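All remarks here apply to the structure that follows.
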Amino acid sequence: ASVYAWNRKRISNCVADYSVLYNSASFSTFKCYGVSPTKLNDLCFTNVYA
Amino acid sequence: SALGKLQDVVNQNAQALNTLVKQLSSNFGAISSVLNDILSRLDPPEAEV
Numbered sequence: 348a349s350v351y352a353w354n355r356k357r358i359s360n361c362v363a364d365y366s367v368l369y370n371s372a373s374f375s376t377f378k379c380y381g382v383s384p385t386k387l388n389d390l391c392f393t394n395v396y397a
Numbered sequence: 943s944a945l946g947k948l949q950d951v952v953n954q955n956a957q958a959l960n961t962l963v964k965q966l967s968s969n970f971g972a973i974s975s976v977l978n979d980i981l982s983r984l985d986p987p988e989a990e991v
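The structure is reproduced here in structure tokens:
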């Protein structure tokens, strides 16, 4: 979607698998704030927003 | 309340100890007030800060 009307998908009640983030080749920026990118598979989150 | 002087020492010390333990739940500007969470989600460079 356009940046002015950005899509928000709520993520909850799932087994978070971040393998897509590590296996993909297309990503140019993979910045993380407050968490470490490699440790995302060892954390439990109350709720996620994409 | 006749033994107020003795009760004061017990209250002052218990309050001081309670205040000490309650300080373990303060961020002091950090992301979390618990070391395990900071170590769990941060790399050694950022965790050190």
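Protein sequences, first through last, are from chains V and P.
The first sequence begins at 348 in UniProt numbering and counts up by one.
The second sequence begins at 943 in UniProt numbering and counts up by one.
In this text, a Cβ means the ideal position worked out from N, Cα and C, and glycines have one as well.
Cβ neighbours of residue i in the same chain (closer than 7 Å, five flanking residues each side left out)
i: residue 385(V); result: none
i: residue 348(V); result: 354
Per DSSP, the bridge partner or partners of residue i
i: residue 357(V); result: 396(V)
Cut-off 8 Å between Cβ atoms - residues of its own chain near residue i, not counting five sequence neighbours on either side
i: residue 975(P); result: 966, 967, 968 and 969
i: residue 972(P); result: 980
i: residue 352(V); result: none
Cβ pair residue i, residue j closer than 9 Å
i: residue 390(V); j: residue 377(V); result: no
i: residue 395(V); j: residue 363(V); result: yes
i: residue 383(V); j: residue 983(P); result: yes
Close Cβ partners of residue i (< 6 Å) along its chain, the five nearest in sequence each way excluded
i: residue 388(V); result: 365
i: residue 431(V); result: An answer regarding residue 431(V) cannot be provided, because it is not within the stretch 348 to 397 covered by chain V.
i: residue 359(V); result: 394
i: residue 949(P); result: none
Review point. According to a CB-to-CB cut-off of less than 8 Å, which residues of the segment 368-396 of chain V neighbour chain P?
Key: Using a CB distance below 8 Å, the part of the segment 368-396 of chain V facing chain P consists of 381, 382, 383, 385, 386, 389 and 390, ordered along the chain.
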